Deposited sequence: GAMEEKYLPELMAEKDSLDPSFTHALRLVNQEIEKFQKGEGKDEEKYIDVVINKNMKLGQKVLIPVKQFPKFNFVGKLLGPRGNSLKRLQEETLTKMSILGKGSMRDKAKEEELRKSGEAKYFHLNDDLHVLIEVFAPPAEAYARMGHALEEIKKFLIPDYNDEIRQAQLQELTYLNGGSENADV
């Protein structure tokens, strides 16, 4: 069986990071019941268009309060991921070099991941409300 993979995991050179991630990744709607669906949407952060604006700070605010309040008022969970999301950039490269699925996202572009867990008709409406409020953060020029 595939447990051959376990023999590869221990014996593979740690210098191959993406292969060791893929091998460890390989370890393996009804509306009338109306149980809780989960959704997610990855929203790009326009650093190409606004390179002089720091979005990560405007989004989080003091001790993350502004992101917490948006999460609370939209009833969603938001996570800032991608290249440039971490505060320590030397740690961000070594964690990207670490190439663990948890930190794998750093290879991608700076973006927000909004998650919502609710019954389906509510879960879609909550995500739509969150997408309307988050653009005020991602659009400095929202006047006109």
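Several segments of the deposited sequence have no coordinates for C-alpha: 1 to 6, 35 to 47, 164 to 185, numbered from the first residue.
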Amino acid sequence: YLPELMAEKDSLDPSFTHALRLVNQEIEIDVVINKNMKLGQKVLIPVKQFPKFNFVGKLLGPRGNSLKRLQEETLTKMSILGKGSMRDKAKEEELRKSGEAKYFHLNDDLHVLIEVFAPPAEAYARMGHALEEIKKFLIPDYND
From here on, numbers count along this sequence of modelled residues.
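Per-stretch averaging of Cα B factors for 110 to 118 and 34 to 42 places 34 to 42 on top. Higher mean CA B-factor, judged across 58 to 66 and 93 to 101 from the recorded values: 93 to 101. Compared with the other modelled residues of the chain, the Cα B-factor recorded for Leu20 ranks in the middle third. Among the modelled residues of the chain, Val47 sits in the middle third by CA temperature factor in this PDB entry.
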